[PDB]
Structures are given as C-alpha cells and as structure tokens.
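A.B. asks: Here you go, one structure.
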Amino acid sequence: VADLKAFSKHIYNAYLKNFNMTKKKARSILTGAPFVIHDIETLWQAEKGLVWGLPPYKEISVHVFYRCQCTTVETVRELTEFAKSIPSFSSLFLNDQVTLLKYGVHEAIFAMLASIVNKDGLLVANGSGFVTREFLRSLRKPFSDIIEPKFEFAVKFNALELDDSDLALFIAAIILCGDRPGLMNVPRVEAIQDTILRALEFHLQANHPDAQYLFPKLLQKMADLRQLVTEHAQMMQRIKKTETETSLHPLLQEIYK
Amino acid sequence: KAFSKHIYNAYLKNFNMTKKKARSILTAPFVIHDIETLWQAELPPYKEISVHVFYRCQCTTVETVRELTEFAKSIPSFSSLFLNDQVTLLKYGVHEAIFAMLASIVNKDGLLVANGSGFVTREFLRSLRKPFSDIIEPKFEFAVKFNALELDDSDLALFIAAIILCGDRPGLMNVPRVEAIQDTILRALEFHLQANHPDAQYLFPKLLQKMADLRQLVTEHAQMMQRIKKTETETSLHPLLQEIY
Ligand SMILES: C/C(=C\COc1ccccc1CN(C)C(=O)c1ccc(-c2ccco2)cc1)CCC(=O)O
Ligand SMILES: C/C(=C\COc1ccccc1CN(C)C(=O)c1ccc(-c2ccco2)cc1)CCC(=O)O
C-alpha cells in the first residue's frame with residue numbers, strides 16, 4: 001500500500017513536469033480573458049495575433065483540421081516525455097515504448113481534452129483562446145463529425161470530477177496497456193499496468209472517499225476511449241480517402257500507418 | 001571518499017568475518033579433510049555425509065543473507081527505493097555477494113568454516129558425492145582468481161554494495177534510480193582503487209568483469225540448485241532459500 005502511494009506521487013510529479021496545461025490551470029481559465037473564436041472573422045483575428053506555419057492556406061474547415069493536427073502533435077510529444085518519467089517505461093524494449101506510444105497517445109489525448117473543455121467549447125493556444133463548440137459544429141463534414149463525439153465523451157468524463165493527481169495515474173494506465181498489438185514483452189507491460197491500476201484504486205479511495213464505484217467507472221471510460229479512437233481512426237481513414245488536398249503531419253502519418 | 005569510508009564502516013559493522021581476520025588465521029584452525037575429522041568437528045536430521053555438508057552450506061549462506069540485508073540499509077538511498085525493489089535487489093544479488101565474499105575465507109587448499117576455527121580442504125569437498133561436489137568446486141575456481149586481484153576489506157565493501165545495486169535485475173520498478181545509486185558506488189570504487197592500489201593497473205575494469213563473472217556463476221548455481229531440488233527429493237532447503245529460488 002505504501003509503495004503504491006509513492007508510485008502515485010512519482011507519476012503525479014511526472015505529469016506536473018511534462019504537461020503545459022493542467023486541469024487545475026484550465027478550470028481556473030474557464031471559470032475566470034481568452035479570446036472567443038466563434039466564427040470566420042474571429043478566427044482570422046486570432047491568427048493575426050490575439051491568439052497565434054500550417055500547410056498553405058485553403059478553406060476554414062481544413063484550416064481548423066490543421067490546427068487540430070498541430071495541437072495533437074504537440075500533445076504526443078508531451079506524452080512521450082511524460083511516459084519516459086513513468087518508472088519502468090524507459091527500461092522496456094525501445095520497440096515496446098514506440099508501440100505503447102503509437103497505440104495509446106490518442107486515447108490519452110482524448111482523455112486529457114476533457115480537462116480543457118466545457119459544454120460550450122474548449123481552450124486553445126495554452127488558454128489564450130476559446131473555440132466554441134457551436135463554431136466547430138458549423139464546419140463542413142467530415143470535419144464537424146470527427147470533432148463532436150470528443151465533446152460528447154469529455155462532458156460525461158467531466159461529470160466524474162477527476163483532478164490532476166487522478167488523471168496522471170489514469171493517463172499512465174492508458175499508455176502502459178498490455179493489449180497493444182506487436183508487443184515484445186507482454187507480461188512485463190501487463191505487470192506495470194496492473195501496478196498503476198492498483199495504485200489508482202488506492203489513490204481514489206483516498207482522494208475521493210465518498211464517490212461510489214469510481215474505480216470501475218474509470219475502467220469503463222478506458223474501454224469507451226478505445227472505442228472512441230477506433231471510430232476516430234475510421235474517420236481519419238475516410239478523410240485521407242476523400243479529402244485529397246488535405247495533408248497530415250508526418251508524426252501523425254507514422255502513428256496511423 | 002567519505003562515501004567509501006561510510007560503506008567500509010557499514011561492512012565492518014555487518015560481517016563478523018573480514019578478509020583481514022581470515023588472512024591472519026590462514027597464515028590454528030582444525031583441518032577437516034575426511035569423515036573422521038568431520039565427525040570430530042561436529043540443522044535438518046542426519047542423512048548422509050554429503051547432505052550434511054550441504055546443510056552446513058545452507059546455514060552459512062542463510063546467515064550471510066541476513067547480514068547482507070542489514071548491510072544494504074546503510075548503502076545511501078537504498079532504504080528510499082520501493083520496498084518491492086529492495087526485496088528484488090536482495091533476492092537477485094545476495095548470492096553474487098556471498099560468492100564474492102567467499103574468496104575472503106578461501107585459499108587454493110580449502111576454506112575457513114565456523115569462525116576462524118575450522119579449515120575444510122577443497123580435496124574433501126571434491127570427495128563428496130555428485131551433485132554436491134559439483135555445486136561446490138566452481139566457487140573455489142572463481143575465488144582463487146578473485147584473490148589474485150588482492151583486494152582488502154575496504155575495497156570489498158564497495159564491490160559488494162555495487163553488486164547489490166544492480167539495475168539489471170528482473171521485475172525492478174525504478175531502474176534509473178537504482179542505476180544512479182550504483183553509479184555513485186562505482187565512482188567511489190574507481191576513486192578508491194586509485195588511492196588504495198596506486199600501482200595496480202586496470203583493477204577497476206577488471207572488477208567490472210568479476211561482476212559479470214559472478215552473474216554467470218550464480219546462474220550456473222541456481223541451475224544446480226534446481227536439479228538437486230528434483231533429483232535429491234530427500235534433502236530439504238531452508239525456506240529463506242526456497243523464496244530466493
Ligand atoms: C482533427 C484531428 C483530431 C481531432 O481533434 C479534436 C477533436 C475534438 C475536439 C478537439 C480536437 C483537437 N484538439 C485536441 C484541440 O485542442 C483543438 C485545437 C485547436 C482547435 C482550433 C479550432 C479553431 C482554431 O483552433 C480545436 C481543437 C486530427 C489529429 C489527430 O487525429 O491526431
Ligand atoms: C551448497 C550451497 C551453497 C554453496 O556453498 C558453497 C559452495 C562453495 C564454497 C563454499 C560454500 C558454502 N560456504 C559459503 C561456506 O562458507 C561453507 C560452510 C561450511 C562448510 C562445511 C563443510 C563441511 C562442514 O562444513 C563448507 C562451506 C547451498 C546454499 C545456497 O544456495 O545458499
């Protein structure tokens with residue numbers, strides 16, 4: 001029990017050192033000024049300077065998809081650094097590390113997106129912008145449809161009221177996932193993931209003494225996130241298929257390969 | 001440096017028999033070179049000579065695990081590792097340290113036994129029946145070569161601390177932390193060997209090779225222990241040693 005506490009603490013310190021944006025900072029921004037991007041005009045103002053090199057200009061729905069890609073890429077690089085500070089992650093085979101990152105980053109990105117989202121939209125640009133969910137729904141298919149299911153997931157996730165300390169362990173559990181295809185040392189990964197999930201159960205009784213069923217609720221969100229990413233990867237295949245003049249960042253190319 | 005002195009202090013606190021004590025005896029102990037001497041000299045109930053010596057080996061290695069366990073508490077930052085990692089380090093390392101320290105009580109002809117009091121010849125131990133004699137002799141071969149390095153206790157105190165702090169063990173949770181502790185130990189050791197053996201040359205990387213030789217010696221050891229566990233159904237194993245195996 002005492003090793004699990006200190007393992008949780010190590011994981012929470014890796015999280016605080018590696019993510020630019022915590023849930024604690026995001027909620028203080030969201031509740032109080034970010035500049036509101038809610039239409040074409042405000043988006044252009046935001047690009048001039050009140051908020052912020054993306055493959056040469058074309059049309060709003062595609063410009064937005066490109067900003068999503070720039071953000072997602074930056075969060076992969078934070079996740080990669082976070083994982084390297086997860087105790088035994090850096091002593092796994094190099095190919096296992098890359099495999100865990102390749103198949104887990106999206107699950108982690110859509111878990112952590114909740115932190116910066118409310119029912120009305122989300123923070124961008126390290127909290128200096130706020131893009132409304134109504135504006136993102138206004139984009140043309142297939143861009144609007146690849147966006148809205150994440151808000152639907154996030155708002156439900158937020159009703160669980162996790163804090164940073166809980167998320168560090170939850171995101172650690174997503175990444176150290178013994179089920180990813182092509183792993184070399186499965187029992188080792190499985191063992192690390194079971195340590196995290198034991199530490200997570202113990203940390204939840206401590207931090208959320210009156211919640212009920214919070215731990216199995218979280219195992220289910222991990223399942224939901226897998227389904228969310230399977231659906232996302234299908235939509236991304238459809239974009240790559242039907243939107244030929246839209247490119248994808250090479251780091252994301254490798255991931256979806 | 002102070003670090004080196006502290007590890008030495010702890011080694012002197014934890015191991016009753018030092019190379020120093022052992023060297024001034026080996027230069028009178030009762031010679032045990034056959035059945036009649038063994039019996040004059042004299043655990044699980046008696047079985048036969050060979051199994052009897054095997055039990056004596058077990059009682060000694062058990063005691064030395066206890067000592068090594070207390071010793072490691074003095075290695076700085078060992079006590080701050082996960083408890084699980086502590087147990088793993090002890091589990092996979094105590095035999096490499098026990099075979100390293102065995103060189104201290106050994107010469108080409110045999111070893112000291114129940115304090116300085118007895119000498120058991122290598123001859124006799126070879127005369128035990130298979131697989132008991134095979135279990136024994138390869139430690140002697142290693143120990144004679146190790147002794148040609150001519151370490152003293154202050155050197156061995158760091159060397160045993162290095163052995164226990166191996167980042168490579170199976171199931172370690174915090175490898176980089178263990179590795180960083182061993183690094184300070186190995187840096188103290190290089191520094192110590194420069195100061196304690198100024199005219200010996202290459203002693204440091206030769207010690208690093210002895211660590212890899214020990215790892216292999218223990219692998220061959222555990223393998224031998226495993227067939228004894230199958231084929232020598234009668235003979236018992238102190239359970240402290242079952243858990244290690
Ligand atoms: C379209 C891809 C993912 C989908 O991204 C989604 C999906 C649902 C909600 C939020 C995101 C993106 N996100 C985490 C952001 O923080 C974000 C960043 C910037 C903007 C934006 C809008 C106008 C100007 O700036 C909007 C969102 C490809 C990327 C991939 O699959 O890796
Ligand atoms: C056979 C096991 C270990 C290996 O033992 C070895 C192997 C090679 C050299 C020296 C030892 C033992 N040793 C460190 C002693 O100090 C010792 C103690 C007593 C006697 C003895 C002989 C007649 C009466 O008393 C002889 C040796 C199983 C136990 C285990 O695996 O931990």
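Please note that chains go A, B, ... in the order of the structure tokens, that every chain numbers its residues from 1, and that ligands are numbered from 1 in the order shown.
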Give as an NGL selection string the residues surrounding ligand 1 up to a distance of 8 Å, considering only C-alpha atoms and all ligand atoms.
C.D. replies: :A and (37 or 43 or 63-73 or 106 or 109-110 or 113 or 116 or 122-125 or 131 or 136 or 143 or 146-151 or 232-233 or 236 or 252)
A.B. asks: Mind writing the picked residues with C-alpha atoms as a PDB file, in the first residue's frame?
C.D. replies:
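The result, stored in selection-v9.pdb:
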ATOM      1  CA  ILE A  37     -13.217  32.163 -31.717  1.00  0.00           C
ATOM      2  CA  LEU A  43     -10.668  33.004 -36.309  1.00  0.00           C
ATOM      3  CA  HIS A  63      -7.540  25.272 -41.633  1.00  0.00           C
ATOM      4  CA  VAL A  64      -9.249  24.088 -38.409  1.00  0.00           C
ATOM      5  CA  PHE A  65      -8.359  20.410 -39.059  1.00  0.00           C
ATOM      6  CA  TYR A  66      -4.749  21.679 -39.451  1.00  0.00           C
ATOM      7  CA  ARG A  67      -4.764  23.466 -36.110  1.00  0.00           C
ATOM      8  CA  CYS A  68      -6.157  20.220 -34.512  1.00  0.00           C
ATOM      9  CA  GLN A  69      -3.229  18.402 -36.019  1.00  0.00           C
ATOM     10  CA  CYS A  70      -0.632  20.910 -34.710  1.00  0.00           C
ATOM     11  CA  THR A  71      -2.114  20.511 -31.250  1.00  0.00           C
ATOM     12  CA  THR A  72      -2.346  16.816 -31.284  1.00  0.00           C
ATOM     13  CA  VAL A  73       1.286  16.605 -32.395  1.00  0.00           C
ATOM     14  CA  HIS A 106      -4.824   9.155 -28.945  1.00  0.00           C
ATOM     15  CA  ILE A 109      -5.176  12.915 -25.863  1.00  0.00           C
ATOM     16  CA  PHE A 110      -8.972  12.449 -25.847  1.00  0.00           C
ATOM     17  CA  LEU A 113      -9.004  17.073 -23.771  1.00  0.00           C
ATOM     18  CA  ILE A 116      -9.742  21.967 -21.282  1.00  0.00           C
ATOM     19  CA  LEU A 122     -12.555  24.477 -25.440  1.00  0.00           C
ATOM     20  CA  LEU A 123      -9.322  26.373 -24.691  1.00  0.00           C
ATOM     21  CA  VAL A 124      -6.646  26.697 -27.361  1.00  0.00           C
ATOM     22  CA  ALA A 125      -3.171  28.201 -27.512  1.00  0.00           C
ATOM     23  CA  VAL A 131     -13.200  27.966 -29.613  1.00  0.00           C
ATOM     24  CA  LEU A 136     -16.811  23.624 -34.669  1.00  0.00           C
ATOM     25  CA  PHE A 143     -14.590  17.812 -40.057  1.00  0.00           C
ATOM     26  CA  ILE A 146     -14.829  13.952 -36.237  1.00  0.00           C
ATOM     27  CA  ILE A 147     -14.974  16.696 -33.596  1.00  0.00           C
ATOM     28  CA  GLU A 148     -18.344  16.478 -31.855  1.00  0.00           C
ATOM     29  CA  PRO A 149     -18.057  12.846 -30.413  1.00  0.00           C
ATOM     30  CA  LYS A 150     -14.987  14.072 -28.318  1.00  0.00           C
ATOM     31  CA  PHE A 151     -17.112  16.812 -26.719  1.00  0.00           C
ATOM     32  CA  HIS A 232     -11.636   8.348 -34.850  1.00  0.00           C
ATOM     33  CA  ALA A 233      -9.156   6.259 -36.858  1.00  0.00           C
ATOM     34  CA  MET A 236      -9.331   9.696 -40.349  1.00  0.00           C
ATOM     35  CA  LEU A 252       0.643  11.502 -37.293  1.00  0.00           C
TER      36      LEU A 252
END
A.B. asks: Find the residues in chain A near chain B: any atom within 10 Å counts, using only C-alpha atoms. Write them as a PDB file with C-alpha atoms, in the first residue's frame.
C.D. replies:
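Once written, result12.pdb looks like this:
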ATOM      1  CA  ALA A   2       2.889   2.365   0.938  1.00  0.00           C
ATOM      2  CA  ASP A   3       4.854   1.610  -2.315  1.00  0.00           C
ATOM      3  CA  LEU A   4       1.595   2.396  -4.251  1.00  0.00           C
ATOM      4  CA  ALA A   6       4.893   6.749  -3.579  1.00  0.00           C
ATOM      5  CA  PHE A   7       4.490   5.281  -7.080  1.00  0.00           C
ATOM      6  CA  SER A  85       9.295   9.518 -16.484  1.00  0.00           C
ATOM      7  CA  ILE A  86       6.820   6.655 -15.711  1.00  0.00           C
ATOM      8  CA  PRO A  87       9.032   4.374 -13.570  1.00  0.00           C
ATOM      9  CA  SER A  88       9.754   1.351 -15.659  1.00  0.00           C
ATOM     10  CA  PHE A  89       8.563   2.646 -19.062  1.00  0.00           C
ATOM     11  CA  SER A  90      12.078   3.703 -20.149  1.00  0.00           C
ATOM     12  CA  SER A  91      13.554   0.226 -19.386  1.00  0.00           C
ATOM     13  CA  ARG A 188       6.216  -7.030 -18.313  1.00  0.00           C
ATOM     14  CA  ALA A 191       2.632  -6.166 -14.786  1.00  0.00           C
ATOM     15  CA  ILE A 192       3.369  -2.418 -14.937  1.00  0.00           C
ATOM     16  CA  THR A 195       0.676  -1.755 -10.612  1.00  0.00           C
TER      17      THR A 195
END
A.B. asks: Could you tell me, counting only C-alpha atoms and all ligand atoms, which protein and nucleic acid residues lie no more than 8 Å from ligand 2, written as a ChimeraX atom specification?
C.D. replies: /B:32,38,52-62,95,98-99,102,105,111-114,120,125,132,135-140,221-222,225,237,241
A.B. asks: Please produce an output containing C-alpha atoms for each residue in the selection, written as a PDB file, in the first residue's frame.
C.D. replies:
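Output saved as selection.pdb:
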ATOM      1  CA  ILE B  32      38.640 -31.237   8.050  1.00  0.00           C
ATOM      2  CA  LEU B  38      34.362 -34.036  10.055  1.00  0.00           C
ATOM      3  CA  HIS B  52      25.169 -32.959   5.968  1.00  0.00           C
ATOM      4  CA  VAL B  53      27.815 -30.673   4.350  1.00  0.00           C
ATOM      5  CA  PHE B  54      25.100 -29.285   2.041  1.00  0.00           C
ATOM      6  CA  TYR B  55      23.080 -28.334   5.177  1.00  0.00           C
ATOM      7  CA  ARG B  56      26.120 -26.693   6.676  1.00  0.00           C
ATOM      8  CA  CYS B  57      26.453 -24.663   3.457  1.00  0.00           C
ATOM      9  CA  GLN B  58      22.782 -23.583   3.747  1.00  0.00           C
ATOM     10  CA  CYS B  59      23.085 -22.485   7.422  1.00  0.00           C
ATOM     11  CA  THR B  60      26.047 -20.345   6.418  1.00  0.00           C
ATOM     12  CA  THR B  61      24.508 -18.758   3.347  1.00  0.00           C
ATOM     13  CA  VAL B  62      21.280 -18.037   5.338  1.00  0.00           C
ATOM     14  CA  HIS B  95      24.393 -14.930  -3.955  1.00  0.00           C
ATOM     15  CA  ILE B  98      28.101 -14.280  -0.989  1.00  0.00           C
ATOM     16  CA  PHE B  99      30.334 -15.853  -3.689  1.00  0.00           C
ATOM     17  CA  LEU B 102      33.676 -16.356  -0.036  1.00  0.00           C
ATOM     18  CA  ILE B 105      37.950 -17.166   3.636  1.00  0.00           C
ATOM     19  CA  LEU B 111      38.166 -22.702   3.438  1.00  0.00           C
ATOM     20  CA  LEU B 112      37.564 -21.457   6.914  1.00  0.00           C
ATOM     21  CA  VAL B 113      34.264 -22.549   8.464  1.00  0.00           C
ATOM     22  CA  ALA B 114      32.717 -21.788  11.891  1.00  0.00           C
ATOM     23  CA  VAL B 120      37.736 -27.707   5.274  1.00  0.00           C
ATOM     24  CA  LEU B 125      34.689 -31.227  -0.621  1.00  0.00           C
ATOM     25  CA  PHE B 132      27.157 -31.874  -4.045  1.00  0.00           C
ATOM     26  CA  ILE B 135      27.903 -27.392  -6.571  1.00  0.00           C
ATOM     27  CA  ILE B 136      30.988 -26.645  -4.515  1.00  0.00           C
ATOM     28  CA  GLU B 137      34.113 -26.665  -6.719  1.00  0.00           C
ATOM     29  CA  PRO B 138      33.286 -23.877  -9.255  1.00  0.00           C
ATOM     30  CA  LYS B 139      33.165 -21.335  -6.314  1.00  0.00           C
ATOM     31  CA  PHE B 140      36.717 -22.330  -5.497  1.00  0.00           C
ATOM     32  CA  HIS B 221      24.491 -22.181  -9.275  1.00  0.00           C
ATOM     33  CA  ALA B 222      20.741 -21.692  -9.354  1.00  0.00           C
ATOM     34  CA  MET B 225      20.163 -25.969  -7.074  1.00  0.00           C
ATOM     35  CA  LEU B 237      16.061 -26.383   1.660  1.00  0.00           C
ATOM     36  CA  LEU B 241      16.485 -20.025   0.157  1.00  0.00           C
TER      37      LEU B 241
END
A.B. asks: Between atom CA of residue A:229 and atom CA of residue A:47, what distance in Å does the model show, to one decimal?
C.D. replies: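 That distance, rounded to one decimal, is 29.1 Å.
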A.B. asks: Identify all residues of stretch 8-61 of chain B in helix (DSSP H, G or I) (DSSP on the backbone) and supply them as a PyMOL selection string.
C.D. replies: chain B and resi 8-14+19-25+35-41+49-61
A.B. asks: Contacts of residue B:145 at 12 Å or less, counting only C-alpha atoms, minus same-chain residues fewer than 3 places along, as an mmCIF file with N, CA and C atoms, in the first residue's frame?
C.D. replies:
data_model
loop_
_atom_site.group_PDB
_atom_site.id
_atom_site.type_symbol
_atom_site.label_atom_id
_atom_site.label_comp_id
_atom_site.auth_asym_id
_atom_site.auth_seq_id
_atom_site.Cartn_x
_atom_site.Cartn_y
_atom_site.Cartn_z
ATOM 1 N N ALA B 100 31.310 -13.642 -3.902
ATOM 2 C CA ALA B 100 32.389 -12.633 -3.891
ATOM 3 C C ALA B 100 33.098 -12.631 -2.575
ATOM 4 N N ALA B 103 35.634 -15.712 -1.400
ATOM 5 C CA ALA B 103 37.063 -15.596 -1.711
ATOM 6 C C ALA B 103 37.870 -15.173 -0.516
ATOM 7 N N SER B 104 37.261 -14.445 0.446
ATOM 8 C CA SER B 104 37.986 -13.917 1.612
ATOM 9 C C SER B 104 38.441 -14.996 2.599
ATOM 10 N N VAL B 106 38.941 -18.270 1.750
ATOM 11 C CA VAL B 106 39.359 -19.424 0.905
ATOM 12 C C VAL B 106 40.850 -19.323 0.554
ATOM 13 N N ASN B 107 41.544 -20.459 0.445
ATOM 14 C CA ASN B 107 42.747 -20.452 -0.346
ATOM 15 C C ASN B 107 42.721 -21.613 -1.350
ATOM 16 N N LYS B 108 43.814 -21.883 -2.059
ATOM 17 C CA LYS B 108 43.813 -22.974 -3.054
ATOM 18 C C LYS B 108 43.460 -24.350 -2.473
ATOM 19 N N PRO B 138 33.172 -25.113 -8.454
ATOM 20 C CA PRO B 138 33.286 -23.877 -9.255
ATOM 21 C C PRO B 138 33.428 -22.558 -8.428
ATOM 22 N N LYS B 139 32.901 -22.521 -7.196
ATOM 23 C CA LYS B 139 33.165 -21.335 -6.314
ATOM 24 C C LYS B 139 34.610 -21.196 -5.969
ATOM 25 N N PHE B 140 35.263 -22.343 -5.698
ATOM 26 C CA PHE B 140 36.717 -22.330 -5.497
ATOM 27 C C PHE B 140 37.491 -21.790 -6.688
ATOM 28 N N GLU B 141 37.159 -22.239 -7.901
ATOM 29 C CA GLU B 141 37.875 -21.784 -9.101
ATOM 30 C C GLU B 141 37.755 -20.271 -9.240
ATOM 31 N N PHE B 142 36.542 -19.749 -9.056
ATOM 32 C CA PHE B 142 36.344 -18.301 -9.126
ATOM 33 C C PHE B 142 37.146 -17.628 -8.025
ATOM 34 N N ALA B 148 43.498 -13.193 -6.769
ATOM 35 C CA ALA B 148 44.766 -12.703 -7.392
ATOM 36 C C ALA B 148 44.755 -11.160 -7.594
ATOM 37 N N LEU B 149 43.551 -10.581 -7.629
ATOM 38 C CA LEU B 149 43.376 -9.116 -7.527
ATOM 39 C C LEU B 149 43.819 -8.479 -6.218
ATOM 40 N N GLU B 150 43.939 -9.240 -5.131
ATOM 41 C CA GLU B 150 44.445 -8.755 -3.869
ATOM 42 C C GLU B 150 43.692 -7.567 -3.298
ATOM 43 N N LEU B 151 42.361 -7.520 -3.459
ATOM 44 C CA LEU B 151 41.519 -6.563 -2.671
ATOM 45 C C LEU B 151 41.666 -6.675 -1.164
ATOM 46 N N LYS B 206 38.726 -4.577 -14.423
ATOM 47 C CA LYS B 206 38.788 -5.988 -14.090
ATOM 48 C C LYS B 206 37.701 -6.377 -13.044
ATOM 49 N N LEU B 207 37.430 -5.453 -12.103
ATOM 50 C CA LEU B 207 36.360 -5.648 -11.101
ATOM 51 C C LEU B 207 35.006 -5.686 -11.777
ATOM 52 N N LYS B 210 34.665 -9.062 -13.074
ATOM 53 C CA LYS B 210 34.280 -10.008 -11.990
ATOM 54 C C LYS B 210 32.768 -9.988 -11.660
ATOM 55 N N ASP B 213 31.301 -12.056 -14.265
ATOM 56 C CA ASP B 213 31.609 -13.482 -13.970
ATOM 57 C C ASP B 213 30.725 -14.068 -12.859
#
A.B. asks: For residue B:233, which residue among B:127, B:51, B:160, B:1 is the nearest when counting only C-alpha atoms?
C.D. replies: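 Of all the options, B:51 lies closest to residue B:233.
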A.B. asks: I need the residues of stretch 12-245 of chain A that end up classed as strand (DSSP E) by DSSP on the backbone, written out as a ChimeraX atom specification.
C.D. replies: /A:35-37,117-118,121-124,129-132
A.B. asks: Could you state the separation of atom CA of residue B:231 and atom CA of residue B:48 in Å, given to one decimal place?
C.D. replies: 15.6 Å
A.B. asks: I'd like to know which of B:154, B:235, B:69, B:223 is closest to residue B:195, using only C-alpha atoms.
C.D. replies: B:154
A.B. asks: Give me, as number ranges by chain, all polymer residues having an atom no more than 10 Å from residue B:96, counting only C-alpha atoms and skipping those fewer than 4 positions away in the same chain.
C.D. replies: B: 92, 100-102, 160, 163-164, 210-219
A.B. asks: For the selection just defined, write its residues with N, CA, C and O atoms to a file, as a PDB file, in the first residue's frame.
C.D. replies:
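Produced file part.pdb, reproduced below:
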ATOM      1  N   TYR B  92      17.988 -11.069  -6.027  1.00  0.00           N
ATOM      2  CA  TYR B  92      18.869 -11.482  -7.095  1.00  0.00           C
ATOM      3  C   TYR B  92      20.386 -11.255  -6.900  1.00  0.00           C
ATOM      4  O   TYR B  92      21.232 -11.651  -7.745  1.00  0.00           O
ATOM      5  N   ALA B 100      31.310 -13.642  -3.902  1.00  0.00           N
ATOM      6  CA  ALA B 100      32.389 -12.633  -3.891  1.00  0.00           C
ATOM      7  C   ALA B 100      33.098 -12.631  -2.575  1.00  0.00           C
ATOM      8  O   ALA B 100      34.303 -12.708  -2.584  1.00  0.00           O
ATOM      9  N   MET B 101      32.360 -12.614  -1.444  1.00  0.00           N
ATOM     10  CA  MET B 101      32.977 -12.570  -0.149  1.00  0.00           C
ATOM     11  C   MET B 101      33.621 -13.915   0.249  1.00  0.00           C
ATOM     12  O   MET B 101      34.471 -13.941   1.135  1.00  0.00           O
ATOM     13  N   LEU B 102      33.113 -15.013  -0.298  1.00  0.00           N
ATOM     14  CA  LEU B 102      33.676 -16.356  -0.036  1.00  0.00           C
ATOM     15  C   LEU B 102      35.213 -16.391  -0.332  1.00  0.00           C
ATOM     16  O   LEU B 102      35.999 -16.952   0.455  1.00  0.00           O
ATOM     17  N   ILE B 160      30.806  -5.144  -2.928  1.00  0.00           N
ATOM     18  CA  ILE B 160      29.531  -5.820  -2.563  1.00  0.00           C
ATOM     19  C   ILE B 160      28.342  -4.818  -2.679  1.00  0.00           C
ATOM     20  O   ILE B 160      27.266  -5.182  -3.168  1.00  0.00           O
ATOM     21  N   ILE B 163      27.371  -4.766  -6.482  1.00  0.00           N
ATOM     22  CA  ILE B 163      26.677  -5.970  -6.755  1.00  0.00           C
ATOM     23  C   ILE B 163      25.218  -5.875  -6.321  1.00  0.00           C
ATOM     24  O   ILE B 163      24.341  -6.220  -7.076  1.00  0.00           O
ATOM     25  N   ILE B 164      24.948  -5.415  -5.110  1.00  0.00           N
ATOM     26  CA  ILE B 164      23.535  -5.398  -4.633  1.00  0.00           C
ATOM     27  C   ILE B 164      22.727  -4.380  -5.458  1.00  0.00           C
ATOM     28  O   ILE B 164      21.496  -4.580  -5.668  1.00  0.00           O
ATOM     29  N   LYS B 210      34.665  -9.062 -13.074  1.00  0.00           N
ATOM     30  CA  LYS B 210      34.280 -10.008 -11.990  1.00  0.00           C
ATOM     31  C   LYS B 210      32.768  -9.988 -11.660  1.00  0.00           C
ATOM     32  O   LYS B 210      32.165 -11.028 -11.360  1.00  0.00           O
ATOM     33  N   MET B 211      32.118  -8.815 -11.777  1.00  0.00           N
ATOM     34  CA  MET B 211      30.678  -8.713 -11.580  1.00  0.00           C
ATOM     35  C   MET B 211      29.905  -9.520 -12.628  1.00  0.00           C
ATOM     36  O   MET B 211      28.965 -10.290 -12.313  1.00  0.00           O
ATOM     37  N   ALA B 212      30.243  -9.354 -13.910  1.00  0.00           N
ATOM     38  CA  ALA B 212      29.690 -10.262 -14.930  1.00  0.00           C
ATOM     39  C   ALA B 212      30.092 -11.749 -14.738  1.00  0.00           C
ATOM     40  O   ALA B 212      29.263 -12.637 -14.958  1.00  0.00           O
ATOM     41  N   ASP B 213      31.301 -12.056 -14.265  1.00  0.00           N
ATOM     42  CA  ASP B 213      31.609 -13.482 -13.970  1.00  0.00           C
ATOM     43  C   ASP B 213      30.725 -14.068 -12.859  1.00  0.00           C
ATOM     44  O   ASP B 213      30.285 -15.228 -12.923  1.00  0.00           O
ATOM     45  N   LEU B 214      30.452 -13.251 -11.843  1.00  0.00           N
ATOM     46  CA  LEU B 214      29.596 -13.656 -10.716  1.00  0.00           C
ATOM     47  C   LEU B 214      28.165 -13.894 -11.144  1.00  0.00           C
ATOM     48  O   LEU B 214      27.486 -14.819 -10.637  1.00  0.00           O
ATOM     49  N   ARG B 215      27.682 -13.049 -12.064  1.00  0.00           N
ATOM     50  CA  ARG B 215      26.343 -13.177 -12.521  1.00  0.00           C
ATOM     51  C   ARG B 215      26.213 -14.579 -13.169  1.00  0.00           C
ATOM     52  O   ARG B 215      25.223 -15.290 -12.948  1.00  0.00           O
ATOM     53  N   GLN B 216      27.227 -14.957 -13.940  1.00  0.00           N
ATOM     54  CA  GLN B 216      27.249 -16.291 -14.583  1.00  0.00           C
ATOM     55  C   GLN B 216      27.441 -17.413 -13.588  1.00  0.00           C
ATOM     56  O   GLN B 216      26.909 -18.521 -13.762  1.00  0.00           O
ATOM     57  N   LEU B 217      28.251 -17.162 -12.571  1.00  0.00           N
ATOM     58  CA  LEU B 217      28.477 -18.196 -11.574  1.00  0.00           C
ATOM     59  C   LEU B 217      27.174 -18.487 -10.840  1.00  0.00           C
ATOM     60  O   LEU B 217      26.848 -19.648 -10.545  1.00  0.00           O
ATOM     61  N   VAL B 218      26.405 -17.442 -10.542  1.00  0.00           N
ATOM     62  CA  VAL B 218      25.121 -17.637  -9.841  1.00  0.00           C
ATOM     63  C   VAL B 218      24.028 -18.346 -10.708  1.00  0.00           C
ATOM     64  O   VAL B 218      23.137 -19.050 -10.189  1.00  0.00           O
ATOM     65  N   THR B 219      24.075 -18.099 -12.011  1.00  0.00           N
ATOM     66  CA  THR B 219      23.172 -18.690 -12.981  1.00  0.00           C
ATOM     67  C   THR B 219      23.433 -20.198 -12.993  1.00  0.00           C
ATOM     68  O   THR B 219      22.506 -21.019 -12.817  1.00  0.00           O
TER      69      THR B 219
END
A.B. asks: Can you pull out the residues contacting residue A:193? Cut-off 7 Å, using only C-alpha atoms, and skip same-chain residues under 4 positions away; I want them as a VMD selection string.
C.D. replies: chain A and resid 173 176 to 178 189 197
A.B. asks: Using C-alpha atoms, can you write the selected residues to a file as a short mmCIF file (atom, residue, chain, number, x, y, z; two decimals), in the first residue's frame?
C.D. replies:
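Listing of out_36.cif after writing:
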data_model
loop_
_atom_site.label_atom_id
_atom_site.label_comp_id
_atom_site.auth_asym_id
_atom_site.auth_seq_id
_atom_site.Cartn_x
_atom_site.Cartn_y
_atom_site.Cartn_z
CA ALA A 173 -2.77 3.29 -17.28
CA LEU A 176 1.01 1.12 -20.21
CA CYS A 177 -1.53 -1.12 -21.89
CA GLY A 178 -0.61 -4.78 -22.16
CA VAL A 189 3.83 -4.40 -19.72
CA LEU A 197 -4.33 0.30 -11.69
#
A.B. asks: Which residues, written as number ranges by chain, have at least one atom at most 9 Å from residue B:90, with only C-alpha atoms counted and residues fewer than 6 positions away on the same chain left out?
C.D. replies: B: 65, 68-69, 72, 164-165, 244
